[PDB]
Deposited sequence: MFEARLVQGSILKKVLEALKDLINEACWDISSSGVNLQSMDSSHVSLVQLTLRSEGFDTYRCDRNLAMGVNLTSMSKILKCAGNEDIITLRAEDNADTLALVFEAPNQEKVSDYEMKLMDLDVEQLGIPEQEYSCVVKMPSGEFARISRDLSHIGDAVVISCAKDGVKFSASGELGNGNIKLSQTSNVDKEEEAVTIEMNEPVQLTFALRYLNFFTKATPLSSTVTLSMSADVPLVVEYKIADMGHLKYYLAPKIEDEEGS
């Protein structure tokens, strides 16, 4: 029997809000280490890696490893049924055919309990630049550049980070410079200059995880796909991997 109880239950809601638009069905790895997910998107161009460590949960028990095939949209709806301040418990048997979601109330007078059905889905350091910026600012830049073109050139040097886009109506570039504050500051760790090109649609998909964290981390290098990382509040992390265009 697997049982995970988490007081801050909004975290799950936010995670699936970030994921429902990217992956339709996915296999959750349930272990003594926590809740994990590794998957491609429906268009097979990007990679999503979600980690929620067991220590971050209020109660955690995982007798056997579980490979829960889940339709992320259905689970997102069911989590929509939960209140933002509810306590969320995920429960499964060793033969995980049903998943149980328990939503607890303030004065223990409302107790929602939903049961999903799981499917038989088999589960399947080089970096020159690291930018830490506000998650809202990254989402804003992605949304803004979406109007200009389909591909974004991210340039990273010791002077700042630039997001450029070109398309039918013209071009456009945004320049973020490091600040003096140093979750509202922009910080650049550049060990080698970097100039790469990525699909803006997938970046806008990644930015759906903005409510999970106030800061986003863009880890960039010429030979590896970009990593967009959102750190949760003292729990796991959501990492998106997107290959640079040739």
| query | finding |
| --- | --- |
| Deposited-sequence segments unaccounted for in the coordinates | 125 to 130, 189 to 191, 256 to 261 |
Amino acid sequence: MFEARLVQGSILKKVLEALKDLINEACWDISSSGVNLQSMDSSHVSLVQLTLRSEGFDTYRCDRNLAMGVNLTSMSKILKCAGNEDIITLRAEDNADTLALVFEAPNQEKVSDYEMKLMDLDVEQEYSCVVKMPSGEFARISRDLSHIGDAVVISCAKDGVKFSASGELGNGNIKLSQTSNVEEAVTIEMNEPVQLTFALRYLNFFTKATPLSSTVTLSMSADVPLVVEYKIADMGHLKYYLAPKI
From here on, numbers count along this sequence of modelled residues.
item: 76 to 84 set against 140 to 148, stretch whose average Cα temperature factor tops the other in the entry; value: 140 to 148
item: 88 to 96 versus 104 to 112 - which carries the larger mean C-alpha B factor in the record; value: 104 to 112
item: Criterion, highest CA B-factor; candidates, 218, 45, 70, 50; value: 45
item: Candidate residues 197, 31, 210, 191, the one whose C-alpha B factor the record puts highest; value: 191
item: Chain thirds of CA B-factor: placement of residue 65; value: middle
item: Where the record places residue 242 (Cα B-factor, split into thirds across the chain); value: lowest
item: Relative C-alpha B-factor of residue 156, binned into the chain's lowest, middle or highest third; value: highest
item: Where the record places residue 174 (Cα B-factor, split into thirds across the chain); value: middle
item: Chain thirds of CA B-factor: placement of residue 123; value: highest
